[PDB]
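Participant: Attaching a single structure in structure tokens format; questions to follow.
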2 protein chains.
Amino acid sequence: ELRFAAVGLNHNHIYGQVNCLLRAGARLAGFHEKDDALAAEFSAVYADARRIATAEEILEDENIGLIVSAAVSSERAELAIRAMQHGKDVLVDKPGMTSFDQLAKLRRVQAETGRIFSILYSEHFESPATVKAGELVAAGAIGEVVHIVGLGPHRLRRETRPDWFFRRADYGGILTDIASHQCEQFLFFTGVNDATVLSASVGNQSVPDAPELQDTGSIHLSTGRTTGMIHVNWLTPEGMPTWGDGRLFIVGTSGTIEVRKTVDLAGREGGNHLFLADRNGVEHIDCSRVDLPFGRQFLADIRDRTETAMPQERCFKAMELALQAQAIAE
Amino acid sequence: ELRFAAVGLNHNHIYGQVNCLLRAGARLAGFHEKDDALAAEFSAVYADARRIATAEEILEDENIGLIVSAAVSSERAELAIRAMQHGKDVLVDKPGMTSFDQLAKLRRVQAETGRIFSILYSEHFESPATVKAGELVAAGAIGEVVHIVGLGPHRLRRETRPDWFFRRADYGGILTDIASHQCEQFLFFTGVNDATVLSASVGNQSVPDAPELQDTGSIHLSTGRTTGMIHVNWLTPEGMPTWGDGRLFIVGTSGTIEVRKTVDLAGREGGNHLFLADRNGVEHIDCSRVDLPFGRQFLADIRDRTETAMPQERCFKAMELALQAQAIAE
């Protein structure tokens with residue numbers, strides 16, 4: 001049985017991370033978080049809740065094999081490095097880092113230690129419809145992937161956000177931050193591991209008070225054989241039943257797959273829906289009850305020293321992609 | 001009552017344009033086409049129609065006010081130029097032309113003569129959902145437009161395809177050809193008139209026996225306040241209830257509209273469905289009984305020398321955009 005700790009609860013995504021692991025058999029050994037209110041929430045949800053006063057104490061603890069984090073994004077890199085160097089593998093929230101320098105330092109450390117550095121790209125790994133779409137595609141369901149389209153919109157909730165959410169140095173830029181999901185997904189569907197940014201754009205359009213916050217971004221991508229677009233926003237309308245109408249279109253030679261990640265507008269109840277357009281016709285599949293293999297696959301990698309869950313090269317390359325795009329966007 | 005003539009009916013959209021003007025109350029005076037099998041068909045559908053054995057006779061006739069065409073695409077330019085010098089207005093299938101050179105000429109002559117060069121961008125003007133979108137967007141239903149995603153797959157069919165369809169010099173490239181629709185839509189919704197092609201890609205990932213044909217395309221577009229992405233196909237899978245699942249998404253500061261033009265997969269009957277996400281909620285709207293005002297608005301332009309149907313500037317700007325995209329894809 002693997003024991004793990006949560007260090008840095010600065011983002012909401014930590015709950016999904018921690019449940020993901022718990023769901024898979026691992027045991028929560030405690031957590032560190034300077035902020036009182038952030039810690040109060042956490043103890044509430046995880047009953048055992050041992051709250052440790054010092055990060056170093058969790059780090060130097062021989063019985064803990066894994067550190068899960070969602071610290072302030074710019075701070076994740078150095079946390080993950082301290083973790084790896086103390087002999088721990090690490091699962092961090094996206095983005096895993098916010099600059100090329102940090103990506104550089106993480107790759108060296110992962111080389112120097114063979115610890116796993118994983119990023120929970122939740123819009124892939126926590127979405128059964130896209131796990132599903134993944135399985136269809138590998139099984140020849142649409143032929144060759146010709147073109148991918150990722151569209152992700154998010155709800156701003158600004159009164160709710162922490163100060164570092166709006167600081168560019170801390171959050172990384174809209175593309176680094178929220179388009180990295182779609183970047184990983186682009187490399188997943190293609191099965192390729194390197195890609196090119198043909199162009200990128202970012203902007204602030206609706207929140208002129210918060211000028212360092214990017215509000216919209218988008219990117220054009222390609223691997224020779226496959227081509228891709230990605231648009232992201234902090235622009236989810238008040239009337240939307242969820243946080244975002246996320247979409248994934250996967251255009252193939254034999255067929256097209258659309259994934260509606262979260263809602264069907266004025267349609268079917270729930271998320272996450274898959275629509276296959278094949279040689280034979282049009283099928284709606286409901287994917288809610290497909291299994292999310294990542295927690296099993298990742299605790300396995302920790303055990304066998306392998307990479308069942310996500311090739312490490314690809315984990316890093318999704319960030320590199322998103323950083324490139326952020327860069328050329330500015 | 002205007003009178004008008006069909007010259008070159010090598011592509012079916014002719015039927016659309018003639019029907020479009022007929023419906024508007026204008027009067028078909030005759031037509032010219034070298035090919036007899038096409039002349040036969042046309043004769044059959046319009047019993048009234050006097051076939052003229054020479055293009056020059058319809059050109060030279062001082063009673064016909066408008067020439068309507070859908071010739072082989074490269075040859076559309078030369079024909080359009082003749083019409084205008086010969087005192088006539090022109091309405092032509094998309095693409096208006098297949099090279100900057102043609103486009104350059106086309107602008108000089110139109111500017112010299114004062115005539116109206118108009119392209120029937122069918123996927124806009126002959127699509128009531130999208131016209132409805134426009135009125136919603138104009139009302140203020142979603143605030144400022146921030147991002148436009150046009151997704152345009154078509155069914156290849158050849159099969160039914162003449163020989164010039166697979167010839168680069170003749171059809172213009174996929175982006176010149178089918179991505180012109182989306183370009184004009186972009187300019188329409190953005191309300192602007194110059195935009196920039198940030199990048200663009202094309203390929204043939206499925207039809208190796210047509211080595212000059214373009215299977216797949218995509219272009220990233222912008223205007224300093226608005227961004228845009230476009231994908232087009234000859235890849236509509238064989239099971240699709242229609243020629244293609246075209247979608248248009250308009251992202252606003254306060255809302256989003258998605259138009260599914262042709263089909264709602266596995267949901268609702270017919271097209272063209274419009275979905276609005278709003279501060280207040282999400283509404284499906286039906287659009288099949290909204291009126292296509294292009295005709296009424298076009299003839300009146302001819303009568304008054306105005307540009308309410310579309311701006312002449314815009315008509316050309318779309319062609320320029322699709323051409324630069326086309327050009328910059330090699």
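Within each chain, counting starts at residue 1; across the structure tokens, chains are named A, B, ... in the order shown, with ligands numbered 1 upward in that order.
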Check which residues of stretch 217-320 of chain A sit at most 7 Å from stretch 158-181 of chain A using only C-alpha atoms, and return one row each with the closest pair of atoms and their distance in Å to one decimal, ordered by chain and rising number, as a Markdown table.
Facilitator:
```
| residue | atom | partner | partner_atom | distance |
| --- | --- | --- | --- | --- |
| A:217 | CA | A:175 | CA | 6.3 |
| A:232 | CA | A:179 | CA | 6.2 |
| A:318 | CA | A:180 | CA | 6.3 |
| A:319 | CA | A:180 | CA | 6.2 |
```
Participant: Looking only at strand (DSSP E or B) from DSSP on the backbone, list the matching residues of stretch 103-132 of chain A as a count of residues only.
Facilitator: 4
Participant: Would you kindly return, as number ranges by chain, each protein, DNA or RNA residue with an atom no farther than 8 Å from any atom of residue B:215, considering only C-alpha atoms and excluding same-chain residues fewer than 4 positions away?
Facilitator: B: 174, 202-207, 233-235
Participant: Can you write out the residues you just picked, keeping N, CA and C atoms, as an mmCIF file, in the first residue's frame?
Facilitator:
```cif
data_model
loop_
_atom_site.group_PDB
_atom_site.id
_atom_site.type_symbol
_atom_site.label_atom_id
_atom_site.label_comp_id
_atom_site.auth_asym_id
_atom_site.auth_seq_id
_atom_site.Cartn_x
_atom_site.Cartn_y
_atom_site.Cartn_z
ATOM 1 N N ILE B 174 -8.292 23.899 -51.378
ATOM 2 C CA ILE B 174 -9.329 23.726 -50.337
ATOM 3 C C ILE B 174 -9.681 24.988 -49.540
ATOM 4 N N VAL B 202 -2.678 22.788 -44.832
ATOM 5 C CA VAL B 202 -3.489 21.953 -45.749
ATOM 6 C C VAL B 202 -2.832 20.605 -45.957
ATOM 7 N N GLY B 203 -3.592 19.648 -46.468
ATOM 8 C CA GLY B 203 -3.020 18.338 -46.727
ATOM 9 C C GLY B 203 -3.895 17.403 -47.533
ATOM 10 N N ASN B 204 -3.341 16.236 -47.822
ATOM 11 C CA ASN B 204 -4.109 15.164 -48.406
ATOM 12 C C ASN B 204 -3.741 13.935 -47.635
ATOM 13 N N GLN B 205 -4.539 13.647 -46.618
ATOM 14 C CA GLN B 205 -4.247 12.528 -45.767
ATOM 15 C C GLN B 205 -5.090 11.256 -46.134
ATOM 16 N N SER B 206 -6.005 11.357 -47.105
ATOM 17 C CA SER B 206 -6.928 10.239 -47.422
ATOM 18 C C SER B 206 -7.070 9.807 -48.910
ATOM 19 N N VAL B 207 -6.768 10.698 -49.857
ATOM 20 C CA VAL B 207 -7.021 10.435 -51.281
ATOM 21 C C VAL B 207 -5.742 10.455 -52.158
ATOM 22 N N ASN B 233 -12.913 20.194 -44.482
ATOM 23 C CA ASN B 233 -12.779 18.790 -44.828
ATOM 24 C C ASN B 233 -13.348 18.499 -46.131
ATOM 25 N N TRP B 234 -12.905 17.388 -46.682
ATOM 26 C CA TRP B 234 -13.583 16.620 -47.698
ATOM 27 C C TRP B 234 -13.755 15.241 -47.137
ATOM 28 N N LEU B 235 -14.062 15.190 -45.859
ATOM 29 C CA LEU B 235 -13.908 14.040 -45.007
ATOM 30 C C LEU B 235 -15.188 13.582 -44.281
#
```
Participant: Would you give me, as a list in words, the residues of chain A that come within 6 Å of chain B, using only C-alpha atoms?
Facilitator: residues 206, 237, 238, 239, 254, 255, 266, 278, 279, 280 and 281 of chain A
Participant: Just the residues within 9 Å of residue B:59, please, counting only C-alpha atoms, with nothing from its chain fewer than 4 positions along; format it as a ChimeraX atom specification.
Facilitator: /B:55,64,67,82-83,86-88
Participant: With C-alpha atoms kept, could you save the residues just selected as a PDB file, in the first residue's frame?
Facilitator:
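Once everything was written out, this is out-v6.pdb:
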```pdb
ATOM      1  CA  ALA B  55     -21.718  33.954 -74.262  1.00  0.00           C
ATOM      2  CA  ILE B  64     -30.329  41.710 -68.977  1.00  0.00           C
ATOM      3  CA  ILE B  67     -25.083  37.746 -64.979  1.00  0.00           C
ATOM      4  CA  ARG B  82     -16.352  40.799 -69.114  1.00  0.00           C
ATOM      5  CA  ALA B  83     -19.810  41.151 -67.484  1.00  0.00           C
ATOM      6  CA  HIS B  86     -20.265  45.024 -70.680  1.00  0.00           C
ATOM      7  CA  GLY B  87     -22.475  47.033 -68.153  1.00  0.00           C
ATOM      8  CA  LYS B  88     -23.690  44.013 -66.060  1.00  0.00           C
TER       9      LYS B  88
END
```
Participant: Among the residues of stretch 68-228 of chain B, find those DSSP assigns to alpha helix (DSSP H) from the backbone and print them as a PDB file with N, CA and C atoms, in the first residue's frame.
Facilitator:
```pdb
ATOM      1  N   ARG B  76     -13.888  31.683 -63.622  1.00  0.00           N
ATOM      2  CA  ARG B  76     -14.914  32.577 -63.126  1.00  0.00           C
ATOM      3  C   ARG B  76     -14.453  34.009 -63.176  1.00  0.00           C
ATOM      4  N   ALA B  77     -13.157  34.229 -62.977  1.00  0.00           N
ATOM      5  CA  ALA B  77     -12.610  35.589 -62.979  1.00  0.00           C
ATOM      6  C   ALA B  77     -12.803  36.332 -64.319  1.00  0.00           C
ATOM      7  N   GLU B  78     -12.289  35.730 -65.401  1.00  0.00           N
ATOM      8  CA  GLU B  78     -12.337  36.308 -66.759  1.00  0.00           C
ATOM      9  C   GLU B  78     -13.776  36.681 -67.134  1.00  0.00           C
ATOM     10  N   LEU B  79     -14.677  35.727 -66.926  1.00  0.00           N
ATOM     11  CA  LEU B  79     -16.101  35.923 -67.170  1.00  0.00           C
ATOM     12  C   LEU B  79     -16.746  37.114 -66.406  1.00  0.00           C
ATOM     13  N   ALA B  80     -16.381  37.229 -65.135  1.00  0.00           N
ATOM     14  CA  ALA B  80     -16.887  38.235 -64.234  1.00  0.00           C
ATOM     15  C   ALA B  80     -16.455  39.614 -64.695  1.00  0.00           C
ATOM     16  N   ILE B  81     -15.213  39.686 -65.172  1.00  0.00           N
ATOM     17  CA  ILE B  81     -14.615  40.925 -65.675  1.00  0.00           C
ATOM     18  C   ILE B  81     -15.379  41.403 -66.921  1.00  0.00           C
ATOM     19  N   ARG B  82     -15.558  40.508 -67.898  1.00  0.00           N
ATOM     20  CA  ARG B  82     -16.352  40.799 -69.114  1.00  0.00           C
ATOM     21  C   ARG B  82     -17.736  41.395 -68.791  1.00  0.00           C
ATOM     22  N   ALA B  83     -18.430  40.797 -67.821  1.00  0.00           N
ATOM     23  CA  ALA B  83     -19.810  41.151 -67.484  1.00  0.00           C
ATOM     24  C   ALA B  83     -19.926  42.608 -67.111  1.00  0.00           C
ATOM     25  N   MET B  84     -18.935  43.057 -66.350  1.00  0.00           N
ATOM     26  CA  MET B  84     -18.950  44.362 -65.708  1.00  0.00           C
ATOM     27  C   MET B  84     -18.638  45.503 -66.665  1.00  0.00           C
ATOM     28  N   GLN B  85     -17.596  45.300 -67.466  1.00  0.00           N
ATOM     29  CA  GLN B  85     -17.275  46.164 -68.589  1.00  0.00           C
ATOM     30  C   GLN B  85     -18.459  46.219 -69.558  1.00  0.00           C
ATOM     31  N   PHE B 100      -4.561  35.689 -56.416  1.00  0.00           N
ATOM     32  CA  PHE B 100      -4.476  37.153 -56.192  1.00  0.00           C
ATOM     33  C   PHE B 100      -4.528  37.900 -57.506  1.00  0.00           C
ATOM     34  N   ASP B 101      -3.886  37.335 -58.526  1.00  0.00           N
ATOM     35  CA  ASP B 101      -3.809  38.059 -59.758  1.00  0.00           C
ATOM     36  C   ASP B 101      -5.186  38.388 -60.263  1.00  0.00           C
ATOM     37  N   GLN B 102      -6.013  37.353 -60.449  1.00  0.00           N
ATOM     38  CA  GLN B 102      -7.440  37.531 -60.699  1.00  0.00           C
ATOM     39  C   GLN B 102      -8.102  38.536 -59.725  1.00  0.00           C
ATOM     40  N   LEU B 103      -7.872  38.369 -58.423  1.00  0.00           N
ATOM     41  CA  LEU B 103      -8.500  39.242 -57.436  1.00  0.00           C
ATOM     42  C   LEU B 103      -8.131  40.689 -57.649  1.00  0.00           C
ATOM     43  N   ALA B 104      -6.848  40.915 -57.969  1.00  0.00           N
ATOM     44  CA  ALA B 104      -6.318  42.273 -58.215  1.00  0.00           C
ATOM     45  C   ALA B 104      -7.084  42.894 -59.376  1.00  0.00           C
ATOM     46  N   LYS B 105      -7.039  42.200 -60.532  1.00  0.00           N
ATOM     47  CA  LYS B 105      -7.826  42.581 -61.715  1.00  0.00           C
ATOM     48  C   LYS B 105      -9.284  42.859 -61.301  1.00  0.00           C
ATOM     49  N   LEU B 106      -9.934  41.886 -60.648  1.00  0.00           N
ATOM     50  CA  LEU B 106     -11.346  42.016 -60.288  1.00  0.00           C
ATOM     51  C   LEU B 106     -11.672  43.321 -59.549  1.00  0.00           C
ATOM     52  N   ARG B 107     -10.761  43.757 -58.678  1.00  0.00           N
ATOM     53  CA  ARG B 107     -10.961  44.980 -57.902  1.00  0.00           C
ATOM     54  C   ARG B 107     -10.775  46.229 -58.743  1.00  0.00           C
ATOM     55  N   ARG B 108      -9.847  46.185 -59.688  1.00  0.00           N
ATOM     56  CA  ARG B 108      -9.630  47.327 -60.551  1.00  0.00           C
ATOM     57  C   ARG B 108     -10.826  47.583 -61.403  1.00  0.00           C
ATOM     58  N   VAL B 109     -11.272  46.555 -62.084  1.00  0.00           N
ATOM     59  CA  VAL B 109     -12.422  46.715 -62.934  1.00  0.00           C
ATOM     60  C   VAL B 109     -13.700  47.053 -62.200  1.00  0.00           C
ATOM     61  N   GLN B 110     -13.936  46.454 -61.052  1.00  0.00           N
ATOM     62  CA  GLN B 110     -15.135  46.787 -60.339  1.00  0.00           C
ATOM     63  C   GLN B 110     -15.092  48.235 -59.956  1.00  0.00           C
ATOM     64  N   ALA B 111     -13.937  48.712 -59.532  1.00  0.00           N
ATOM     65  CA  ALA B 111     -13.755  50.104 -59.144  1.00  0.00           C
ATOM     66  C   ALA B 111     -13.889  51.140 -60.261  1.00  0.00           C
ATOM     67  N   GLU B 112     -13.360  50.797 -61.428  1.00  0.00           N
ATOM     68  CA  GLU B 112     -13.548  51.533 -62.716  1.00  0.00           C
ATOM     69  C   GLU B 112     -15.032  51.660 -63.104  1.00  0.00           C
ATOM     70  N   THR B 113     -15.741  50.521 -63.094  1.00  0.00           N
ATOM     71  CA  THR B 113     -17.097  50.387 -63.666  1.00  0.00           C
ATOM     72  C   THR B 113     -18.275  50.738 -62.740  1.00  0.00           C
ATOM     73  N   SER B 122     -22.807  30.737 -49.593  1.00  0.00           N
ATOM     74  CA  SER B 122     -24.096  30.064 -49.358  1.00  0.00           C
ATOM     75  C   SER B 122     -24.211  29.664 -47.892  1.00  0.00           C
ATOM     76  N   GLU B 123     -23.119  29.106 -47.344  1.00  0.00           N
ATOM     77  CA  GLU B 123     -23.102  28.641 -45.967  1.00  0.00           C
ATOM     78  C   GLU B 123     -23.365  29.743 -44.936  1.00  0.00           C
ATOM     79  N   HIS B 124     -23.374  31.001 -45.379  1.00  0.00           N
ATOM     80  CA  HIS B 124     -23.903  32.091 -44.572  1.00  0.00           C
ATOM     81  C   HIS B 124     -25.330  32.462 -45.033  1.00  0.00           C
ATOM     82  N   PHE B 125     -25.423  33.178 -46.145  1.00  0.00           N
ATOM     83  CA  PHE B 125     -26.683  33.692 -46.677  1.00  0.00           C
ATOM     84  C   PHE B 125     -27.843  32.709 -46.937  1.00  0.00           C
ATOM     85  N   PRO B 128     -30.406  29.752 -42.437  1.00  0.00           N
ATOM     86  CA  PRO B 128     -31.159  30.673 -41.607  1.00  0.00           C
ATOM     87  C   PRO B 128     -30.673  30.718 -40.159  1.00  0.00           C
ATOM     88  N   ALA B 129     -30.094  29.634 -39.651  1.00  0.00           N
ATOM     89  CA  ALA B 129     -29.585  29.676 -38.281  1.00  0.00           C
ATOM     90  C   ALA B 129     -28.521  30.741 -38.167  1.00  0.00           C
ATOM     91  N   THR B 130     -27.606  30.701 -39.112  1.00  0.00           N
ATOM     92  CA  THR B 130     -26.526  31.627 -39.053  1.00  0.00           C
ATOM     93  C   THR B 130     -26.921  33.086 -39.287  1.00  0.00           C
ATOM     94  N   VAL B 131     -27.995  33.307 -40.024  1.00  0.00           N
ATOM     95  CA  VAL B 131     -28.507  34.646 -40.223  1.00  0.00           C
ATOM     96  C   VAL B 131     -29.100  35.032 -38.903  1.00  0.00           C
ATOM     97  N   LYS B 132     -29.704  34.052 -38.244  1.00  0.00           N
ATOM     98  CA  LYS B 132     -30.332  34.336 -36.963  1.00  0.00           C
ATOM     99  C   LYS B 132     -29.273  34.693 -35.929  1.00  0.00           C
ATOM    100  N   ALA B 133     -28.191  33.901 -35.939  1.00  0.00           N
ATOM    101  CA  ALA B 133     -27.030  34.187 -35.122  1.00  0.00           C
ATOM    102  C   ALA B 133     -26.669  35.668 -35.256  1.00  0.00           C
ATOM    103  N   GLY B 134     -26.559  36.128 -36.501  1.00  0.00           N
ATOM    104  CA  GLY B 134     -26.131  37.472 -36.785  1.00  0.00           C
ATOM    105  C   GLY B 134     -26.994  38.519 -36.112  1.00  0.00           C
ATOM    106  N   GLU B 135     -28.307  38.305 -36.140  1.00  0.00           N
ATOM    107  CA  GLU B 135     -29.258  39.277 -35.587  1.00  0.00           C
ATOM    108  C   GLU B 135     -29.161  39.263 -34.089  1.00  0.00           C
ATOM    109  N   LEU B 136     -29.028  38.061 -33.521  1.00  0.00           N
ATOM    110  CA  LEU B 136     -28.763  37.917 -32.080  1.00  0.00           C
ATOM    111  C   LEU B 136     -27.489  38.658 -31.706  1.00  0.00           C
ATOM    112  N   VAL B 137     -26.391  38.315 -32.363  1.00  0.00           N
ATOM    113  CA  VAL B 137     -25.150  39.005 -32.081  1.00  0.00           C
ATOM    114  C   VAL B 137     -25.308  40.529 -32.200  1.00  0.00           C
ATOM    115  N   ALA B 138     -26.186  41.009 -33.080  1.00  0.00           N
ATOM    116  CA  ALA B 138     -26.250  42.454 -33.339  1.00  0.00           C
ATOM    117  C   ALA B 138     -27.055  43.089 -32.226  1.00  0.00           C
ATOM    118  N   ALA B 139     -28.086  42.369 -31.792  1.00  0.00           N
ATOM    119  CA  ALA B 139     -28.906  42.810 -30.683  1.00  0.00           C
ATOM    120  C   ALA B 139     -28.063  43.143 -29.451  1.00  0.00           C
ATOM    121  N   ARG B 168      -5.598  21.406 -59.001  1.00  0.00           N
ATOM    122  CA  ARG B 168      -5.113  22.596 -58.301  1.00  0.00           C
ATOM    123  C   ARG B 168      -5.331  23.931 -59.042  1.00  0.00           C
ATOM    124  N   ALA B 169      -4.855  24.044 -60.288  1.00  0.00           N
ATOM    125  CA  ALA B 169      -5.017  25.310 -61.058  1.00  0.00           C
ATOM    126  C   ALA B 169      -6.468  25.773 -61.219  1.00  0.00           C
ATOM    127  N   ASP B 170      -7.379  24.789 -61.233  1.00  0.00           N
ATOM    128  CA  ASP B 170      -8.805  25.012 -61.509  1.00  0.00           C
ATOM    129  C   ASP B 170      -9.741  25.234 -60.299  1.00  0.00           C
ATOM    130  N   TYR B 171      -9.593  24.411 -59.250  1.00  0.00           N
ATOM    131  CA  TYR B 171     -10.422  24.548 -58.035  1.00  0.00           C
ATOM    132  C   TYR B 171      -9.919  25.571 -56.985  1.00  0.00           C
ATOM    133  N   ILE B 174      -8.292  23.899 -51.378  1.00  0.00           N
ATOM    134  CA  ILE B 174      -9.329  23.726 -50.337  1.00  0.00           C
ATOM    135  C   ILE B 174      -9.681  24.988 -49.540  1.00  0.00           C
ATOM    136  N   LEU B 175      -8.663  25.759 -49.192  1.00  0.00           N
ATOM    137  CA  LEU B 175      -8.914  26.950 -48.440  1.00  0.00           C
ATOM    138  C   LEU B 175      -9.520  28.037 -49.268  1.00  0.00           C
ATOM    139  N   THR B 176      -9.045  28.218 -50.493  1.00  0.00           N
ATOM    140  CA  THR B 176      -9.721  29.116 -51.444  1.00  0.00           C
ATOM    141  C   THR B 176     -11.160  28.644 -51.715  1.00  0.00           C
ATOM    142  N   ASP B 177     -11.273  27.337 -51.954  1.00  0.00           N
ATOM    143  CA  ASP B 177     -12.535  26.677 -52.243  1.00  0.00           C
ATOM    144  C   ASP B 177     -13.609  26.639 -51.126  1.00  0.00           C
ATOM    145  N   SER B 180     -13.576  29.687 -47.821  1.00  0.00           N
ATOM    146  CA  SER B 180     -14.000  31.062 -48.134  1.00  0.00           C
ATOM    147  C   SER B 180     -15.278  31.437 -47.389  1.00  0.00           C
ATOM    148  N   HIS B 181     -16.163  30.446 -47.221  1.00  0.00           N
ATOM    149  CA  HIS B 181     -17.416  30.593 -46.448  1.00  0.00           C
ATOM    150  C   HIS B 181     -17.146  31.167 -45.056  1.00  0.00           C
ATOM    151  N   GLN B 182     -16.228  30.476 -44.379  1.00  0.00           N
ATOM    152  CA  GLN B 182     -15.852  30.704 -43.016  1.00  0.00           C
ATOM    153  C   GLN B 182     -15.155  32.028 -42.877  1.00  0.00           C
ATOM    154  N   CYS B 183     -14.301  32.359 -43.853  1.00  0.00           N
ATOM    155  CA  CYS B 183     -13.623  33.673 -43.888  1.00  0.00           C
ATOM    156  C   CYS B 183     -14.600  34.832 -43.854  1.00  0.00           C
ATOM    157  N   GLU B 184     -15.652  34.778 -44.682  1.00  0.00           N
ATOM    158  CA  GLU B 184     -16.681  35.833 -44.750  1.00  0.00           C
ATOM    159  C   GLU B 184     -17.486  35.895 -43.486  1.00  0.00           C
ATOM    160  N   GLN B 185     -17.763  34.714 -42.921  1.00  0.00           N
ATOM    161  CA  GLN B 185     -18.428  34.618 -41.616  1.00  0.00           C
ATOM    162  C   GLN B 185     -17.595  35.300 -40.543  1.00  0.00           C
ATOM    163  N   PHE B 186     -16.302  35.005 -40.556  1.00  0.00           N
ATOM    164  CA  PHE B 186     -15.442  35.666 -39.630  1.00  0.00           C
ATOM    165  C   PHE B 186     -15.560  37.179 -39.709  1.00  0.00           C
ATOM    166  N   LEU B 187     -15.490  37.724 -40.918  1.00  0.00           N
ATOM    167  CA  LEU B 187     -15.555  39.175 -41.074  1.00  0.00           C
ATOM    168  C   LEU B 187     -16.916  39.733 -40.695  1.00  0.00           C
ATOM    169  N   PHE B 188     -17.967  38.961 -40.992  1.00  0.00           N
ATOM    170  CA  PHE B 188     -19.340  39.318 -40.683  1.00  0.00           C
ATOM    171  C   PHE B 188     -19.547  39.479 -39.175  1.00  0.00           C
ATOM    172  N   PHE B 189     -19.188  38.454 -38.416  1.00  0.00           N
ATOM    173  CA  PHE B 189     -19.493  38.485 -37.005  1.00  0.00           C
ATOM    174  C   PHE B 189     -18.604  39.488 -36.273  1.00  0.00           C
ATOM    175  N   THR B 190     -17.339  39.544 -36.716  1.00  0.00           N
ATOM    176  CA  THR B 190     -16.363  40.429 -36.096  1.00  0.00           C
ATOM    177  C   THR B 190     -16.700  41.875 -36.360  1.00  0.00           C
TER     178      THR B 190
END
```
Participant: Ranking A:50, A:262, A:320, A:68 by minimum distance to residue A:15 and counting only C-alpha atoms, which one comes first?
Facilitator: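 Of all the options, A:68 lies closest to residue A:15.
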Participant: Name the closest residue to residue A:299 among the candidates A:212, A:286, A:48, A:89; distances are taken between atoms, counting only C-alpha atoms.
Facilitator: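 Distance minimum relative to residue A:299 lands on A:89.
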Participant: Kindly indicate which residue among A:28, A:90, A:274, A:7 lies nearest to residue A:57, using only C-alpha atoms for the distances.
Facilitator: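 Checking each candidate against residue A:57, we get A:7 as the closest.
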Participant: Interatomic distance between atom CA of residue B:11 and atom CA of residue B:73?
Facilitator: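 Interatomic distance, atom CA of residue B:11 to atom CA of residue B:73: 9.2 Å.
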Participant: Figure out the distance between atom CA of residue A:243 and atom CA of residue A:210, please, to one decimal in Å.
Facilitator: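 These two atoms are separated by 20.3 Å.
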Participant: Let me make sure I understand: among A:6, A:24, A:329, A:315, which one has the smallest atom-to-atom distance to residue A:117 if we use only C-alpha atoms?
Facilitator: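 Of A:6, A:24, A:329, A:315, the one nearest residue A:117, counting only C-alpha atoms, is A:315.
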